[PDB]
Novice: 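This is the structure I have questions about; it appears just below.
All chains are named by letter (A, B, ...) in the order of the sequence lines, taking the proteins before the strands, and each is independently numbered beginning at 1. Scope of the values below: all heavy atoms of this structure, side chains included, with no hydrogens, waters or symmetry mates.
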Amino acid sequence: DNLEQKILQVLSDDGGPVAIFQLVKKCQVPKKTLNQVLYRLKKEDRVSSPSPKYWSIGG
Amino acid sequence: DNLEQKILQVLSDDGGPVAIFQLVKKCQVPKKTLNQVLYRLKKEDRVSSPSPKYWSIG
DNA sequence: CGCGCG
DNA sequence: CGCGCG
């Protein structure tokens, strides 16, 4: 909920590919918690993964 | 035996490749816990996985 | 080592 | 859906 927003703001504010570890530092939650949200957000086509470990706004 | 000698004993008695699920039913512990020990054993050369999801002694 | 796995 | 991951 809150995490999805923060994840989306961080992606949006960068505007390009962002490494998962950059999200760990910014959102301050484990990679598993991030990936769970991120992979559900690519399914919804709200984010893309340009390469493994990297995430980008829009899908 | 955290779980280790039972796994080794089960594989030993069977003599052949054993499916991870047969190990779930036999040891009565989760797949993850079994895989943690199985992959440790594999790296110590104590078991092998001849095909995905199968395990055997040696 | 990518891992999200329900 | 293989997943063990430390």
Novice: Got a sec, which pairs hit ring-ring contact (aromatic ring centres under 6.0 Å, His included) with one end in residues 8-27 of chain A, sequence neighbours left out?
Specialist: none
Novice: So, for A:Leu38 and A:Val47, which heavy atoms are closest and what is the spacing to 0.1 Å?
Specialist: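 Shortest heavy-atom contact: O-CG2, 3.7 Å.
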Novice: Under 4.0 Å between a side-chain N or O of A:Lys32 and OP1 or OP2 of C:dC3?
Specialist: no
Novice: Whole angstroms only, please: what is the NZ-P distance between B:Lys31 and D:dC3?
Specialist: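 Going from B:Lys31 (NZ) to D:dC3 (P), I get 6 Å.
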Novice: Looking at A:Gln36, I'd like to know whether one of its side-chain N or O atoms comes within less than 4.0 Å of OP1 or OP2 on C:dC5.
Specialist: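 Affirmative; the distance criterion is met.
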Novice: Tell me the interatomic distance from A:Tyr54, atom OH, to C:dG4, atom P, rounded to whole angstroms.
Specialist: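 Result: 17 Å.
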Novice: Tell me the interatomic distance from A:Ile20, atom CD1, to D:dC5, atom P, rounded to whole angstroms.
Specialist: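 Checked: the CD1 to P distance equals 18 Å.
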Novice: What's the shortest heavy-atom distance between A:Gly15 and A:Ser56, and which atoms?
Specialist: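 Taking A:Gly15 first and A:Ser56 second, the nearest heavy atoms are O-OG, 4.5 Å.
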Novice: What is the distance, to the nearest angstrom, from the OH atom on B:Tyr39 to the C1' atom on C:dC1?
Specialist: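 After rounding, the gap between these two atoms is 13 Å.
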Novice: Can you sort out the partners of A:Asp14 under side chain to side chain contact (heavy atoms under 4.5 Å, CB included), two or more places apart, ordered by chain and number?
Specialist: A:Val18
Novice: Whole-Å distance between D:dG4 P and B:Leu3 CG?
Specialist: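 B:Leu3 atom CG is separated from D:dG4 atom P by 13 Å.
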Novice: Taking atom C1' of C:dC3 as reference, at what distance in whole Å does atom CZ of A:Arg40 sit?
Specialist: 17 Å
Novice: By nearest atom, which of the nucleotides C:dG4, D:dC3, D:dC5 is closest to the A:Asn35 side chain?
Specialist: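 Closest of the options to the side chain of A:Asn35: C:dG4.
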Novice: Quick one: A:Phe21 CZ to C:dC1 P, roughly how many Å, whole number?
Specialist: 18 Å
Novice: Below 4.0 angstrom from OP1 or OP2 of C:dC1, is there any side-chain N or O of A:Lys53?
Specialist: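 Looking at the OP1 and OP2 atoms of C:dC1, neither is under 4.0 Å from any side-chain N or O of A:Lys53.
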Novice: By nearest nucleotide on DNA chain C, pick out whichever of A:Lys43 and A:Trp55 is the more 5' one.
Specialist: A:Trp55
Novice: How many whole angstroms separate atom CG of A:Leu41 from atom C1' of C:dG4?
Specialist: 12 Å
